[PDB]
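Presented below is the structure to which this report refers.
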Amino acid sequence: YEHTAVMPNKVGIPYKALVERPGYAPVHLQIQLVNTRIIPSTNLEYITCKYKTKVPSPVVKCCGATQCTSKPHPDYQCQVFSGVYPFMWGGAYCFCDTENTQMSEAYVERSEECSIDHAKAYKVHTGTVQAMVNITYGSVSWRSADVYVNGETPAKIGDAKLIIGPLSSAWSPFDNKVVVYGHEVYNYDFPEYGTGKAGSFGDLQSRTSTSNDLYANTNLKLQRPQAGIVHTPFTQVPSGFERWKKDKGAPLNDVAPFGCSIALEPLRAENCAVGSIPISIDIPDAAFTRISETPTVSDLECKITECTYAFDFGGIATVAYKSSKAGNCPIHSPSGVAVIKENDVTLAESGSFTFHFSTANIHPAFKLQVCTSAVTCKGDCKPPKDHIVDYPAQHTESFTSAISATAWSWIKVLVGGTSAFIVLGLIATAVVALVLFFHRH
Amino acid sequence: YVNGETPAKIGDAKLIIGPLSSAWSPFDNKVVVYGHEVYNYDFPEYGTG
Amino acid sequence: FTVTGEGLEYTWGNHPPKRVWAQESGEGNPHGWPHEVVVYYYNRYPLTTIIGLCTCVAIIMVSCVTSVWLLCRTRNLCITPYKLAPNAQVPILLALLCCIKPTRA
């Protein structure tokens, strides 16, 4: 048998339903989610890290000139200094006074730390959504396996067959371009591998962590070695990646709405709460017993003992019944006024049973069906003492969940009396018109 | 690279090829690649057949 | 930090995150006098019950000045076919019941 419905996109809140095969006893059904992961499709563009500029040994011609060509290196620099006359240990290095030449070339490359901490640049696209469901039905225990949230694919669990419907919202916390540095994820824009302004984010752009070609502009410039000392000095702007790690705001796993915890190894967005998920479950035909082998109850009267507003199961009710035989049959409230803590009861011949429920109304007007027989329950509820709890609400608050009986009496008085005060006015002009018409003849 | 940002050095010049005026692509959302020819085909999506 | 019924989470230092939700306690009492009813709904809704309070007195003011533009017009048609000719005997139903001005002469 196939049962279709719509479940909401909440994780810890179970969905309870009562399937009704004709000619057979009803079977309780319980679907619960564990995970909900949105997995966008990403492709790496470039990584970035702190640079490390190496300087080769300069050549010191004693008297002459040595020019350099152009080398295929990122941010390569050449500048020839004339007339240096350097000193080393053990006397002066050169002889030809006031006519000398120093090479002093410099070159920018990736640091050794770039294999460990590096920000990875991605663009995302819409990909797969998958979840993890928990299923029980009848007398079968809990079974769980991860499904795919597309209408087309079925995933069997136990002996059933579940088709989790598509999500009704295409919302995703990720932007078009993201930066994944270390543990956290940032919503950011890139200089698109061509540009980089030497001090913000893209002063070193490498397409792969082991790539050979490298882009780097760090405003490298060489300076004159002074006072006859053999060294190659240079001034350049500091690293933009080192600056970005100071001046970055909050990561996406602290800003994302709906409580989406962001994971990393497939770059997921776990456990969001938006929209609703349709369902369809193929219950096996061997789980349905014949209706004649079940108790038939009658003369049900339900009185709600104590009720309250609270997020947990704060309502207690008792049902007095009378049954033909002793057995088990599930209970379920089809309305949204209350949810039921219990799933089934053990019956006898003309006894009683009690159950726990949670609601948001002052006056609950729900009904529940036990042993394919229904009974209505009414009552009153009290405000709870607790101000803040640490668990989500089991129920769903509606638009008219706050209006009491006394507040609706003032709604009807303020509407009924003032509308009828115009009806008295409108019937007054239709009477004196009739009186003045009868004065005409 | 055809985007208005990345520059390329062709000899001693520097060319920045701008973005295309149309975002038209011949491929559909789902394609099938058999041999050396592509097809604009839909999918049974791994659960159906 | 203001916590609503949707929830709020906070991380302090290197501690794991903690989530808290706000219940619907309130301060007032809905089953009582009209000053007690409004106070309870003002704390629960501080954004909707100040509009519906102004709307309900806007409709009442409109409906009151609509009716007295029609009750006084009707009473102005009681007097104009009787006060013109004072010799006509005014019936006893129109003196007090149907319209307010009583008999004389």
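Every chain in the structure tokens has a letter given in the order shown (A, B, ...), and although residue numbers restart at 1 in each chain, ligands are simply numbered from 1 in the order shown.
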
> If you run DSSP on the backbone, which residues of segment 16-202 of chain A are strand (DSSP E), as a ChimeraX atom specification?
Replying inline: /A:16-19,27-48,51-54,60-61,81-82,101-102,107-110,119-137,140-148,177-181,184-187

> Near residue 42 of chain B, within 9 Å and counting only C-alpha atoms, which residues show up once chain neighbours fewer than 3 positions away are dropped, as a ChimeraX atom specification?
Replying inline: /B:29-32,45

Could you write out the selected residues, including N, CA and C atoms, as a PDB file, in the first residue's frame?
ATOM      1  N   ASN B  29      20.809  21.039 -19.808  1.00  0.00           N
ATOM      2  CA  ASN B  29      21.206  20.759 -18.435  1.00  0.00           C
ATOM      3  C   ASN B  29      21.715  19.333 -18.273  1.00  0.00           C
ATOM      4  N   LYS B  30      21.163  18.391 -19.029  1.00  0.00           N
ATOM      5  CA  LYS B  30      21.582  16.998 -18.991  1.00  0.00           C
ATOM      6  C   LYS B  30      22.016  16.576 -20.384  1.00  0.00           C
ATOM      7  N   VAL B  31      23.209  15.986 -20.483  1.00  0.00           N
ATOM      8  CA  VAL B  31      23.740  15.497 -21.748  1.00  0.00           C
ATOM      9  C   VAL B  31      24.237  14.073 -21.555  1.00  0.00           C
ATOM     10  N   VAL B  32      24.302  13.336 -22.659  1.00  0.00           N
ATOM     11  CA  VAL B  32      24.790  11.962 -22.688  1.00  0.00           C
ATOM     12  C   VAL B  32      25.955  11.900 -23.664  1.00  0.00           C
ATOM     13  N   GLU B  45      17.684   9.328 -13.738  1.00  0.00           N
ATOM     14  CA  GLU B  45      18.108   9.831 -12.414  1.00  0.00           C
ATOM     15  C   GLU B  45      18.326   8.713 -11.389  1.00  0.00           C
TER      16      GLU B  45
END

>> Taking only C-alpha atoms into account and nothing else, which residues of chain A lie no more than 8 Å away from chain C? Please answer as a PyMOL selection string.
In response: chain A and resi 309-311+383-392+404-407+414+418-419+421-422+425-426+428-429+432

> When the cut-off is 9 Å and we count only C-alpha atoms, which residues of chain B are near chain A, given as a PyMOL selection string?
Replying inline: chain B and resi 5-8+44-48

> Hey, what's within 7 Å of residue 199 of chain A if we count only C-alpha atoms and toss same-chain stuff fewer than 6 positions away? As a PyMOL selection string, please?
Replying inline: chain A and resi 237-240

Kindly save the residues from that selection, with N, CA and C atoms included, as a PDB file, in the first residue's frame.
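See out.pdb below for the written result:
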ATOM      1  N   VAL A 237      55.791  45.567  -0.582  1.00  0.00           N
ATOM      2  CA  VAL A 237      54.619  45.698   0.280  1.00  0.00           C
ATOM      3  C   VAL A 237      54.380  44.383   1.016  1.00  0.00           C
ATOM      4  N   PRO A 238      53.784  44.407   2.208  1.00  0.00           N
ATOM      5  CA  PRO A 238      53.538  43.159   2.938  1.00  0.00           C
ATOM      6  C   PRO A 238      52.445  42.325   2.290  1.00  0.00           C
ATOM      7  N   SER A 239      52.258  41.128   2.837  1.00  0.00           N
ATOM      8  CA  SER A 239      51.393  40.141   2.211  1.00  0.00           C
ATOM      9  C   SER A 239      49.925  40.504   2.377  1.00  0.00           C
ATOM     10  N   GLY A 240      49.150  40.292   1.314  1.00  0.00           N
ATOM     11  CA  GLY A 240      47.719  40.503   1.398  1.00  0.00           C
ATOM     12  C   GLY A 240      46.990  39.362   2.067  1.00  0.00           C
TER      13      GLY A 240
END

>> With only C-alpha atoms as the counted atoms, please give the residues lying no more than 10 Å from residue 23 of chain A, apart from itself and same-chain residues fewer than 2 positions off, as a list in words.
In response: residues 20, 21, 25, 26, 288, 289, 290, 291 and 292 of chain A

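With only C-alpha atoms as the basis for measurement, A:182 is the residue among A:99, A:182, A:85, A:135 that approaches residue 245 of chain A most closely.
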
>> Report, in Å to a single decimal, how far apart atom CA of residue 11 of chain A and atom CA of residue 258 of chain A are.
In response: 11.9 Å

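Within the 10 Å cut-off around residue 344 of chain A, using only C-alpha atoms and omitting residues fewer than 2 positions from it on the same chain, the listed residues are residues 28, 138, 328, 329, 330, 331, 332, 341, 342, 346, 347, 355, 370 and 371 of chain A.
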
Write to file, as a compact mmCIF listing (two decimals), in the first residue's frame, the residues of the selection just made, with N, CA and C atoms.
# COMPACT_ATOMS: atom_id res chain seq x y z
N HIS A 28 0.06 2.51 12.54
CA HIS A 28 0.75 3.75 12.87
C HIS A 28 2.05 3.87 12.08
N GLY A 138 3.89 -0.08 12.55
CA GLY A 138 3.30 -1.27 13.15
C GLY A 138 4.06 -1.73 14.37
N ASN A 328 -4.34 -4.30 21.25
CA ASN A 328 -3.65 -3.04 21.00
C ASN A 328 -4.18 -2.40 19.72
N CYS A 329 -4.32 -1.08 19.75
CA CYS A 329 -4.63 -0.33 18.54
C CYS A 329 -4.09 1.08 18.69
N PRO A 330 -3.56 1.68 17.63
CA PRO A 330 -2.88 2.97 17.76
C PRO A 330 -3.84 4.13 17.91
N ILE A 331 -3.32 5.22 18.49
CA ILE A 331 -4.06 6.46 18.63
C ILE A 331 -3.34 7.54 17.84
N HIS A 332 -4.11 8.52 17.37
CA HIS A 332 -3.59 9.58 16.51
C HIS A 332 -4.59 10.73 16.49
N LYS A 341 2.00 12.13 22.44
CA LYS A 341 3.26 11.52 22.84
C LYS A 341 3.25 10.01 22.60
N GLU A 342 2.14 9.35 22.94
CA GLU A 342 2.05 7.91 22.81
C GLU A 342 1.75 7.50 21.37
N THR A 346 -2.64 -0.41 25.37
CA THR A 346 -3.07 -1.77 25.66
C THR A 346 -4.46 -1.71 26.29
N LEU A 347 -5.44 -2.32 25.64
CA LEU A 347 -6.82 -2.20 26.05
C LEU A 347 -7.27 -3.43 26.83
N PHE A 355 -3.08 9.54 28.21
CA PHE A 355 -2.07 9.89 27.23
C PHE A 355 -1.61 11.32 27.47
N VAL A 370 -9.07 6.27 18.18
CA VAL A 370 -8.53 5.04 18.75
C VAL A 370 -9.38 3.87 18.27
N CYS A 371 -8.71 2.84 17.74
CA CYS A 371 -9.34 1.60 17.25
C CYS A 371 -10.40 1.88 16.18
